[PDB]
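Colleague: upload-v2.pdb is reproduced below (PDB, C-alpha atoms and all ligand atoms).
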```pdb
ATOM      1  CA  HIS R   1     -20.732  31.337 -30.283
ATOM      2  CA  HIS R   2     -18.293  31.448 -33.241
ATOM      3  CA  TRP R   3     -19.138  31.862 -36.941
ATOM      4  CA  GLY R   4     -20.223  28.916 -39.066
ATOM      5  CA  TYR R   5     -22.897  28.010 -41.679
ATOM      6  CA  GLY R   6     -26.065  27.543 -39.446
ATOM      7  CA  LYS R   7     -29.336  29.496 -38.770
ATOM      8  CA  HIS R   8     -27.801  31.223 -35.736
ATOM      9  CA  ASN R   9     -24.151  31.637 -36.896
ATOM     10  CA  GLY R  10     -24.228  31.538 -40.730
ATOM     11  CA  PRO R  11     -23.460  34.167 -43.363
ATOM     12  CA  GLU R  12     -26.365  36.623 -42.479
ATOM     13  CA  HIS R  13     -24.796  36.904 -38.950
ATOM     14  CA  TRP R  14     -21.135  37.407 -39.946
ATOM     15  CA  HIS R  15     -21.380  41.233 -40.185
ATOM     16  CA  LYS R  16     -21.782  41.511 -36.377
ATOM     17  CA  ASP R  17     -18.214  40.246 -35.700
ATOM     18  CA  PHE R  18     -16.861  41.219 -39.170
ATOM     19  CA  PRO R  19     -18.477  44.511 -40.323
ATOM     20  CA  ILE R  20     -16.517  44.341 -43.659
ATOM     21  CA  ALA R  21     -19.163  41.664 -44.522
ATOM     22  CA  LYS R  22     -21.231  44.645 -45.867
ATOM     23  CA  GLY R  23     -18.201  46.137 -47.694
ATOM     24  CA  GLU R  24     -17.693  47.387 -51.249
ATOM     25  CA  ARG R  25     -15.718  44.367 -52.635
ATOM     26  CA  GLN R  26     -17.253  41.237 -51.055
ATOM     27  CA  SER R  27     -17.199  37.741 -52.561
ATOM     28  CA  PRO R  28     -18.620  35.600 -53.962
ATOM     29  CA  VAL R  29     -20.756  37.211 -56.696
ATOM     30  CA  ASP R  30     -23.096  36.127 -59.481
ATOM     31  CA  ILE R  31     -21.294  36.191 -62.836
ATOM     32  CA  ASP R  32     -23.721  37.649 -65.373
ATOM     33  CA  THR R  33     -22.208  36.200 -68.581
ATOM     34  CA  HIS R  34     -23.958  38.760 -70.820
ATOM     35  CA  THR R  35     -22.585  41.774 -68.796
ATOM     36  CA  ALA R  36     -18.967  40.443 -68.294
ATOM     37  CA  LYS R  37     -16.831  42.178 -70.907
ATOM     38  CA  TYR R  38     -14.146  40.421 -72.921
ATOM     39  CA  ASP R  39     -10.835  42.186 -72.117
ATOM     40  CA  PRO R  40      -8.281  41.511 -74.893
ATOM     41  CA  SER R  41      -5.551  43.003 -72.599
ATOM     42  CA  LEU R  42      -5.899  39.998 -70.180
ATOM     43  CA  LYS R  43      -3.126  37.394 -70.471
ATOM     44  CA  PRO R  44      -3.386  33.616 -70.457
ATOM     45  CA  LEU R  45      -3.228  32.230 -66.904
ATOM     46  CA  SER R  46       0.195  30.666 -66.040
ATOM     47  CA  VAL R  47      -0.440  27.751 -63.616
ATOM     48  CA  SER R  48       2.990  26.253 -62.680
ATOM     49  CA  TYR R  49       2.197  23.301 -60.334
ATOM     50  CA  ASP R  50       4.911  20.783 -61.574
ATOM     51  CA  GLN R  51       6.994  21.245 -58.309
ATOM     52  CA  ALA R  52       3.968  21.594 -55.909
ATOM     53  CA  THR R  53       4.741  19.843 -52.549
ATOM     54  CA  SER R  54       1.583  18.915 -50.603
ATOM     55  CA  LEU R  55       2.219  18.199 -46.908
ATOM     56  CA  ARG R  56      -1.030  17.661 -45.039
ATOM     57  CA  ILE R  57      -4.852  17.632 -45.073
ATOM     58  CA  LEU R  58      -6.788  19.270 -42.211
ATOM     59  CA  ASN R  59     -10.499  19.328 -41.103
ATOM     60  CA  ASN R  60     -10.761  22.901 -39.688
ATOM     61  CA  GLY R  61     -14.455  22.537 -38.705
ATOM     62  CA  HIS R  62     -15.641  24.495 -41.834
ATOM     63  CA  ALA R  63     -14.035  22.537 -44.702
ATOM     64  CA  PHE R  64     -10.887  20.456 -45.331
ATOM     65  CA  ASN R  65      -7.652  22.184 -46.394
ATOM     66  CA  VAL R  66      -4.902  20.497 -48.500
ATOM     67  CA  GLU R  67      -1.736  22.362 -47.472
ATOM     68  CA  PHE R  68       1.462  22.966 -49.473
ATOM     69  CA  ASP R  69       5.042  23.799 -48.608
ATOM     70  CA  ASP R  70       5.166  27.512 -49.629
ATOM     71  CA  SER R  71       8.715  28.143 -48.158
ATOM     72  CA  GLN R  72      10.100  28.522 -51.769
ATOM     73  CA  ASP R  73       8.693  29.452 -55.292
ATOM     74  CA  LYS R  74       7.558  25.897 -56.165
ATOM     75  CA  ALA R  75       3.861  26.095 -57.138
ATOM     76  CA  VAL R  76       2.997  29.581 -58.531
ATOM     77  CA  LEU R  77       0.190  31.401 -60.329
ATOM     78  CA  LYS R  78       1.064  34.378 -62.558
ATOM     79  CA  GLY R  79      -0.162  36.114 -65.702
ATOM     80  CA  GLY R  80      -3.872  36.425 -66.320
ATOM     81  CA  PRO R  81      -4.882  39.688 -64.569
ATOM     82  CA  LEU R  82      -1.997  39.440 -62.068
ATOM     83  CA  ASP R  83       1.137  41.505 -61.586
ATOM     84  CA  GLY R  84       4.046  39.400 -60.246
ATOM     85  CA  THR R  85       4.082  36.003 -58.601
ATOM     86  CA  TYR R  86       1.574  34.297 -56.299
ATOM     87  CA  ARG R  87       2.536  31.170 -54.280
ATOM     88  CA  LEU R  88       0.119  28.258 -53.706
ATOM     89  CA  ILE R  89      -0.524  27.815 -49.949
ATOM     90  CA  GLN R  90      -3.618  25.554 -49.825
ATOM     91  CA  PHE R  91      -6.777  24.433 -51.527
ATOM     92  CA  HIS R  92     -10.226  23.619 -50.174
ATOM     93  CA  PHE R  93     -13.823  23.175 -51.400
ATOM     94  CA  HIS R  94     -17.329  24.465 -50.697
ATOM     95  CA  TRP R  95     -20.233  22.056 -51.336
ATOM     96  CA  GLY R  96     -23.925  21.440 -50.802
ATOM     97  CA  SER R  97     -26.335  19.022 -49.156
ATOM     98  CA  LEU R  98     -27.798  18.306 -52.683
ATOM     99  CA  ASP R  99     -26.205  18.532 -56.200
ATOM    100  CA  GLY R 100     -28.286  21.687 -56.968
ATOM    101  CA  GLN R 101     -26.268  23.905 -54.590
ATOM    102  CA  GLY R 102     -22.794  24.205 -53.121
ATOM    103  CA  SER R 103     -20.858  26.709 -55.242
ATOM    104  CA  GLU R 104     -20.118  30.229 -53.956
ATOM    105  CA  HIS R 105     -19.864  31.946 -57.315
ATOM    106  CA  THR R 106     -22.899  31.457 -59.593
ATOM    107  CA  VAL R 107     -23.089  31.789 -63.406
ATOM    108  CA  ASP R 108     -26.310  33.517 -64.577
ATOM    109  CA  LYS R 109     -27.685  32.444 -61.123
ATOM    110  CA  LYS R 110     -26.767  28.756 -61.772
ATOM    111  CA  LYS R 111     -25.332  27.035 -58.682
ATOM    112  CA  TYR R 112     -22.840  24.200 -59.156
ATOM    113  CA  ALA R 113     -22.584  21.190 -56.803
ATOM    114  CA  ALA R 114     -19.276  22.463 -55.392
ATOM    115  CA  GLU R 115     -16.418  24.937 -55.879
ATOM    116  CA  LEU R 116     -12.648  24.363 -55.490
ATOM    117  CA  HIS R 117     -10.509  27.291 -54.279
ATOM    118  CA  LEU R 118      -6.739  27.230 -54.824
ATOM    119  CA  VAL R 119      -5.358  30.029 -52.622
ATOM    120  CA  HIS R 120      -2.141  31.874 -53.520
ATOM    121  CA  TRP R 121      -0.337  34.823 -51.892
ATOM    122  CA  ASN R 122       1.645  37.635 -53.518
ATOM    123  CA  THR R 123       5.353  36.966 -52.863
ATOM    124  CA  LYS R 124       6.083  40.757 -52.832
ATOM    125  CA  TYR R 125       4.587  40.860 -49.248
ATOM    126  CA  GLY R 126       6.869  38.095 -47.889
ATOM    127  CA  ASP R 127       4.226  36.137 -45.809
ATOM    128  CA  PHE R 128       0.473  35.446 -46.213
ATOM    129  CA  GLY R 129      -0.342  37.409 -42.998
ATOM    130  CA  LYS R 130       1.149  40.574 -44.540
ATOM    131  CA  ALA R 131      -0.443  39.761 -47.936
ATOM    132  CA  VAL R 132      -4.041  39.611 -46.568
ATOM    133  CA  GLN R 133      -3.649  43.277 -45.404
ATOM    134  CA  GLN R 134      -3.143  44.401 -49.056
ATOM    135  CA  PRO R 135      -5.702  44.864 -51.848
ATOM    136  CA  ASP R 136      -3.587  42.734 -54.243
ATOM    137  CA  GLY R 137      -2.379  40.276 -51.547
ATOM    138  CA  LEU R 138      -4.101  37.053 -52.693
ATOM    139  CA  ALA R 139      -5.170  35.350 -55.905
ATOM    140  CA  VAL R 140      -7.797  32.628 -55.613
ATOM    141  CA  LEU R 141      -8.398  30.299 -58.543
ATOM    142  CA  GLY R 142     -11.990  29.050 -58.412
ATOM    143  CA  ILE R 143     -13.128  25.902 -60.264
ATOM    144  CA  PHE R 144     -16.730  24.689 -60.389
ATOM    145  CA  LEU R 145     -17.644  21.024 -59.835
ATOM    146  CA  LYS R 146     -20.597  19.318 -61.503
ATOM    147  CA  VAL R 147     -21.769  15.750 -60.822
ATOM    148  CA  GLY R 148     -21.246  13.234 -63.634
ATOM    149  CA  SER R 149     -18.087  11.259 -64.509
ATOM    150  CA  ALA R 150     -15.540  10.682 -61.695
ATOM    151  CA  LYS R 151     -12.429  12.908 -61.499
ATOM    152  CA  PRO R 152      -9.560  10.376 -61.170
ATOM    153  CA  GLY R 153      -7.213  13.124 -59.837
ATOM    154  CA  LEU R 154      -9.623  13.790 -56.914
ATOM    155  CA  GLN R 155      -9.872  10.185 -55.648
ATOM    156  CA  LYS R 156      -6.679  10.425 -53.431
ATOM    157  CA  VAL R 157      -8.383  13.350 -51.585
ATOM    158  CA  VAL R 158     -11.733  11.479 -51.268
ATOM    159  CA  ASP R 159     -10.000   8.336 -49.887
ATOM    160  CA  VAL R 160      -8.226  10.239 -47.001
ATOM    161  CA  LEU R 161     -11.456  11.947 -45.731
ATOM    162  CA  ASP R 162     -12.400   8.934 -43.509
ATOM    163  CA  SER R 163      -9.184   9.769 -41.482
ATOM    164  CA  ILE R 164     -10.186  13.463 -40.890
ATOM    165  CA  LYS R 165     -13.927  13.072 -40.218
ATOM    166  CA  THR R 166     -14.098  15.577 -37.343
ATOM    167  CA  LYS R 167     -12.952  19.123 -36.613
ATOM    168  CA  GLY R 168      -9.263  19.330 -35.627
ATOM    169  CA  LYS R 169      -8.175  16.013 -37.277
ATOM    170  CA  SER R 170      -5.262  16.161 -39.790
ATOM    171  CA  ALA R 171      -3.399  13.530 -41.857
ATOM    172  CA  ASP R 172      -0.044  13.433 -43.694
ATOM    173  CA  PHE R 173      -0.887  14.143 -47.353
ATOM    174  CA  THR R 174       2.323  14.236 -49.348
ATOM    175  CA  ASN R 175       2.898  14.020 -53.110
ATOM    176  CA  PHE R 176      -0.631  15.120 -54.119
ATOM    177  CA  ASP R 177      -0.524  16.762 -57.588
ATOM    178  CA  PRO R 178      -3.132  19.540 -57.912
ATOM    179  CA  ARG R 179      -2.734  19.508 -61.767
ATOM    180  CA  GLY R 180      -5.194  16.559 -61.565
ATOM    181  CA  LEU R 181      -7.971  18.946 -60.429
ATOM    182  CA  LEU R 182      -7.776  21.370 -63.404
ATOM    183  CA  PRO R 183     -10.185  21.395 -66.376
ATOM    184  CA  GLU R 184      -8.917  21.376 -69.998
ATOM    185  CA  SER R 185      -9.490  25.131 -70.640
ATOM    186  CA  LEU R 186      -8.003  27.996 -68.574
ATOM    187  CA  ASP R 187     -10.615  30.516 -69.894
ATOM    188  CA  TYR R 188     -11.664  32.666 -66.914
ATOM    189  CA  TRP R 189     -13.571  35.545 -65.435
ATOM    190  CA  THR R 190     -11.855  37.910 -63.011
ATOM    191  CA  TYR R 191     -12.885  40.637 -60.546
ATOM    192  CA  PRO R 192     -11.599  42.207 -57.324
ATOM    193  CA  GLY R 193     -13.112  40.735 -54.159
ATOM    194  CA  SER R 194     -12.658  39.232 -50.734
ATOM    195  CA  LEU R 195     -12.160  36.119 -48.697
ATOM    196  CA  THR R 196     -15.531  34.310 -48.558
ATOM    197  CA  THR R 197     -15.047  33.270 -44.898
ATOM    198  CA  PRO R 198     -14.299  35.480 -41.918
ATOM    199  CA  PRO R 199     -12.260  37.630 -41.657
ATOM    200  CA  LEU R 200     -13.755  38.551 -45.118
ATOM    201  CA  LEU R 201     -10.729  40.719 -45.957
ATOM    202  CA  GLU R 202     -10.843  42.607 -49.272
ATOM    203  CA  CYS R 203      -7.473  41.280 -50.493
ATOM    204  CA  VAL R 204      -8.364  38.885 -53.360
ATOM    205  CA  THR R 205      -8.056  38.933 -57.119
ATOM    206  CA  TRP R 206     -10.621  36.275 -58.071
ATOM    207  CA  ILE R 207      -9.955  34.116 -61.166
ATOM    208  CA  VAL R 208     -12.973  31.855 -61.845
ATOM    209  CA  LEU R 209     -12.559  29.226 -64.557
ATOM    210  CA  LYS R 210     -15.451  28.925 -67.040
ATOM    211  CA  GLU R 211     -15.105  25.195 -67.706
ATOM    212  CA  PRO R 212     -16.194  23.077 -64.685
ATOM    213  CA  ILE R 213     -14.657  19.723 -63.636
ATOM    214  CA  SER R 214     -16.864  16.599 -63.394
ATOM    215  CA  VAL R 215     -16.819  14.518 -60.199
ATOM    216  CA  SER R 216     -18.924  11.418 -59.494
ATOM    217  CA  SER R 217     -21.966  11.269 -57.175
ATOM    218  CA  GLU R 218     -19.878   8.852 -55.026
ATOM    219  CA  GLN R 219     -16.989  11.399 -54.730
ATOM    220  CA  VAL R 220     -19.225  14.305 -53.582
ATOM    221  CA  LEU R 221     -21.222  11.971 -51.227
ATOM    222  CA  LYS R 222     -17.884  11.340 -49.385
ATOM    223  CA  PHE R 223     -17.443  15.147 -48.932
ATOM    224  CA  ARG R 224     -20.941  15.110 -47.343
ATOM    225  CA  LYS R 225     -19.907  12.436 -44.761
ATOM    226  CA  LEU R 226     -17.468  14.856 -43.088
ATOM    227  CA  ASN R 227     -18.469  16.478 -39.792
ATOM    228  CA  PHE R 228     -18.425  20.143 -38.684
ATOM    229  CA  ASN R 229     -18.274  18.892 -35.048
ATOM    230  CA  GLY R 230     -15.229  17.552 -33.145
ATOM    231  CA  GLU R 231     -14.701  13.875 -32.161
ATOM    232  CA  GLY R 232     -17.211  12.644 -29.536
ATOM    233  CA  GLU R 233     -19.597  15.611 -30.150
ATOM    234  CA  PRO R 234     -23.130  15.353 -31.654
ATOM    235  CA  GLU R 235     -22.955  14.765 -35.422
ATOM    236  CA  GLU R 236     -23.493  17.804 -37.693
ATOM    237  CA  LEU R 237     -22.795  16.778 -41.321
ATOM    238  CA  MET R 238     -20.350  19.120 -43.142
ATOM    239  CA  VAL R 239     -22.709  20.333 -45.925
ATOM    240  CA  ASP R 240     -23.729  23.763 -47.269
ATOM    241  CA  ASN R 241     -20.449  25.411 -46.272
ATOM    242  CA  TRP R 242     -20.914  28.139 -48.944
ATOM    243  CA  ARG R 243     -21.514  31.895 -48.685
ATOM    244  CA  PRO R 244     -24.216  33.161 -51.073
ATOM    245  CA  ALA R 245     -23.581  35.762 -53.784
ATOM    246  CA  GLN R 246     -22.950  39.324 -52.488
ATOM    247  CA  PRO R 247     -23.730  42.681 -54.138
ATOM    248  CA  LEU R 248     -21.430  43.485 -57.080
ATOM    249  CA  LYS R 249     -21.561  47.269 -56.274
ATOM    250  CA  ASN R 250     -19.030  49.346 -58.307
ATOM    251  CA  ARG R 251     -17.198  46.360 -59.900
ATOM    252  CA  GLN R 252     -16.689  45.007 -63.437
ATOM    253  CA  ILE R 253     -16.240  41.294 -64.152
ATOM    254  CA  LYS R 254     -13.804  40.776 -67.041
ATOM    255  CA  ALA R 255     -13.694  37.729 -69.346
ATOM    256  CA  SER R 256     -10.446  36.340 -70.802
ATOM    257  CA  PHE R 257     -12.383  34.822 -73.748
ATOM    258  CA  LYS R 258     -14.862  35.802 -76.534
TER
HETATM  259  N1  LIG R 301     -13.017  30.771 -49.419
HETATM  260  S1  LIG R 301     -11.626  31.546 -49.266
HETATM  261  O1  LIG R 301     -11.790  32.994 -49.290
HETATM  262  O2  LIG R 301     -10.639  31.043 -50.246
HETATM  263  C1  LIG R 301     -10.850  31.169 -47.639
HETATM  264  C2  LIG R 301      -9.344  31.516 -47.550
HETATM  265  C3  LIG R 301      -8.796  31.304 -46.128
HETATM  266  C4  LIG R 301      -7.294  31.529 -45.871
HETATM  267  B1  LIG R 301      -6.799  33.091 -45.389
HETATM  268  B2  LIG R 301      -5.468  32.756 -44.260
HETATM  269  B3  LIG R 301      -5.112  33.130 -45.941
HETATM  270  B4  LIG R 301      -4.791  31.605 -46.767
HETATM  271  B5  LIG R 301      -4.862  30.257 -45.596
HETATM  272  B6  LIG R 301      -5.302  31.005 -44.036
HETATM  273  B7  LIG R 301      -6.918  31.732 -44.228
HETATM  274  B8  LIG R 301      -6.526  30.200 -45.068
HETATM  275  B9  LIG R 301      -6.172  30.564 -46.773
HETATM  276  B10 LIG R 301      -6.335  32.348 -46.965
HETATM  277  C5  LIG R 301      -4.322  31.833 -45.115
HETATM  278 ZN    ZN R 302     -13.083  29.097 -50.343
END
```
Kindly return the structure encoded in the file as structure tokens.
Ligand SMILES: [N]S(=O)(=O)[C][C][C]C1234B567B89%10B5%11%12B5%13%14B%15%16%17B8%18(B961B%18%152B5%163B%11%1374)C%10%12%14%17
Ligand SMILES: [Zn+2]
Modeller:
Amino acid sequence: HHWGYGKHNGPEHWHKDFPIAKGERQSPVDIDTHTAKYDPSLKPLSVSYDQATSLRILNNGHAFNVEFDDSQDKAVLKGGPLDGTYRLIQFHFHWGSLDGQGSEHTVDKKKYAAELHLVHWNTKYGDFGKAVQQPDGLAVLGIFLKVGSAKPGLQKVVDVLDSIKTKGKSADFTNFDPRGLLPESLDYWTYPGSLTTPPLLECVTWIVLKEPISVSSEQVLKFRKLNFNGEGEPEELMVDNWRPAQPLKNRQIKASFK
């Protein structure tokens, strides 16, 4: 009886195995645009993905992960609110059963159809397992998806999903360029928070981009054909794999932009 996204194992149950679920810096949150203060001390985000080396795509039973070679400083996030250098390890998405839900963060209570998370770890801790034990261990870049025009840079991901339909399936996924998933603007909000899946550790600097990317109805429908279940098990469509907004508590959301 492991955690998941259902009635009997979804987010309102997670606190029983992971008591930090009711902690002081949980994610995601609602971004109240009127309350988020412009911080002129924040730097432009530096996204250096030119040498990013994707290796593989994996259906982990909750989402799909696109994994990178993080054995050197290839793909790195720095600047913005960050001190030092954060290495790209993977990205994944959260999405809904319908276009009106799917994102984890909300913007004035608006839910987007999906949310992309690019996960990076602080190189000062040496390995991601040490980094997740630190309050400044991870930086996650969050990007909203809305349904409209197709995202050409996403289609290589969409086209491999048929080969990882079920939990535990992986596929070689080399030479994927994550620059193709970024919007035009790097304007962002930032706040201190947590992983949004168990173990829910409070180790993340969140950087949420204001400008969403557009994907087509056909692209997001292919996300919704994935399965939470393993091969030869009863079909449970991989949809609504998002945690709802959590209490902001004693935190300030900062804007990089006026
Ligand atoms: N929705 S979310 O908080 O970005 C989930 C992040 C999950 C992970 B934790 B460990 B650290 B890195 B890899 B593995 B798990 B995987 B990635 B971050 C590693
Ligand atoms: Zn995520």
Colleague: I'd like to see the residues matched by the PyMOL selection byres (((not hetatm)) within 9 of (chain R and resi 301)) on this file, and ideally I'd get them as a VMD selection string.
Modeller: chain R and resid 27 to 28 65 67 89 to 94 104 116 to 121 128 to 129 131 to 132 138 to 142 194 to 201 204 242 to 243
Colleague: Counting all atoms listed in the file, select every polymer residue within 9 Å of (-11.5, 14.3, -36.1) as defined in the file's coordinates, and provide the selection as a list in words.
Modeller: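 So the residues meeting the distance criterion are residues 59, 163, 164, 165, 166, 167, 168, 169, 170, 227, 229, 230, 231 and 232 of chain R.
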Colleague: Could the residues in this selection be written to a file with C-alpha atoms, as an mmCIF file, in the coordinates of the input?
Modeller:
```cif
data_model
loop_
_atom_site.group_PDB
_atom_site.id
_atom_site.type_symbol
_atom_site.label_atom_id
_atom_site.label_comp_id
_atom_site.auth_asym_id
_atom_site.auth_seq_id
_atom_site.Cartn_x
_atom_site.Cartn_y
_atom_site.Cartn_z
ATOM 1 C CA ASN R 59 -10.499 19.328 -41.103
ATOM 2 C CA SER R 163 -9.184 9.769 -41.482
ATOM 3 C CA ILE R 164 -10.186 13.463 -40.890
ATOM 4 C CA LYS R 165 -13.927 13.072 -40.218
ATOM 5 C CA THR R 166 -14.098 15.577 -37.343
ATOM 6 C CA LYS R 167 -12.952 19.123 -36.613
ATOM 7 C CA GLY R 168 -9.263 19.330 -35.627
ATOM 8 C CA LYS R 169 -8.175 16.013 -37.277
ATOM 9 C CA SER R 170 -5.262 16.161 -39.790
ATOM 10 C CA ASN R 227 -18.469 16.478 -39.792
ATOM 11 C CA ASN R 229 -18.274 18.892 -35.048
ATOM 12 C CA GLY R 230 -15.229 17.552 -33.145
ATOM 13 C CA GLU R 231 -14.701 13.875 -32.161
ATOM 14 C CA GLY R 232 -17.211 12.644 -29.536
#
```
Colleague: Which residue out of R:174, R:205, R:149, R:103 has the minimum interatomic distance to ligand ZN 302 (chain R) when only C-alpha atoms and all ligand atoms are used?
Modeller: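 Once distances to ligand ZN 302 (chain R) are computed over only C-alpha atoms and all ligand atoms, the minimum belongs to R:103.
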Colleague: Find, counting all atoms listed in the file, the residue in R:206, R:245, R:115, R:133 that gets nearest to ligand ZN 302 (chain R).
Modeller: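 For ligand ZN 302 (chain R), the nearest of the candidates is R:115.
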Colleague: Go through R:102, R:126, R:10, R:81 one by one, measure the shortest atom-to-atom distance of each to ligand ZN 302 (chain R) using all atoms listed in the file, and give the residue with the smallest value.
Modeller: R:102
Colleague: From the list R:82, R:226, R:255, R:213, which residue is nearest residue 33 of chain R when using only C-alpha atoms?
Modeller: R:255
Colleague: Quote the spacing between atom CA of residue 51 of chain R and atom CA of residue 161 of chain R in Å to one decimal place.
Modeller: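 Calculated distance between atom CA of residue 51 of chain R and atom CA of residue 161 of chain R is 24.2 Å.
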Colleague: May I have the residues within 10 Å of segment 183-193 of chain R as an NGL selection string, using only C-alpha atoms and disregarding those fewer than 3 positions away in the same chain?
Modeller: :R and (23-29 or 31 or 33 or 36-39 or 42 or 44-47 or 80-81 or 135-136 or 138-145 or 179-180 or 196 or 200-214 or 248 or 251-258)
Colleague: Report as a PyMOL selection string the full result of the PyMOL selection byres (((chain R and resi 150) around 8) and not hetatm) when it is applied to this structure.
Modeller: chain R and resi 148-149+151-152+214-217+219
Colleague: Return the single residue from R:52, R:21, R:57, R:63 that is closest to residue 76 of chain R, with distances computed using all atoms listed in the file.
Modeller: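 Of R:52, R:21, R:57, R:63, the one nearest residue 76 of chain R is R:52, counting all atoms listed in the file.
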Colleague: Please determine, counting all atoms listed in the file, which residue among R:153, R:105, R:98, R:181 has the shortest atom-to-atom distance to ligand ZN 302 (chain R).
Modeller: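 Checking each of R:153, R:105, R:98, R:181 against ligand ZN 302 (chain R), counting all atoms listed in the file, the winner is R:105.
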Colleague: Give me the residues near residue 220 of chain R as a PyMOL selection string, where near means some atom within 10 Å (using all atoms listed in the file) and where sequence neighbours in that chain fewer than 5 positions away do not count.
Modeller: chain R and resi 95-99+113-114+145-147+150+158+215+225
Colleague: What is the distance between atom CA of residue 233 of chain R and atom CA of residue 14 of chain R, in Å to one decimal?
Modeller: 23.9 Å
Colleague: To box segment 195-200 of chain R, take all atoms listed in the file, fit an axis-aligned box, add 5 Å on each side, and give centre and edge lengths in Å to one decimal, as JSON.
Modeller:
```
{"center_x": -13.8, "center_y": 35.9, "center_z": -45.2, "size_x": 13.4, "size_y": 15.3, "size_z": 17.0}
```
Colleague: Grab the atom CA of residue 50 of chain R to atom CA of residue 87 of chain R distance for me, in Å with one decimal place.
Modeller: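 Going from atom CA of residue 50 of chain R over to atom CA of residue 87 of chain R covers 12.9 Å.
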Colleague: Would you kindly return, as a PyMOL selection string, each protein, DNA or RNA residue with an atom no farther than 6 Å from any atom of residue 122 of chain R, considering all atoms listed in the file and excluding same-chain residues fewer than 3 positions away?
Modeller: chain R and resi 85-86+137-138
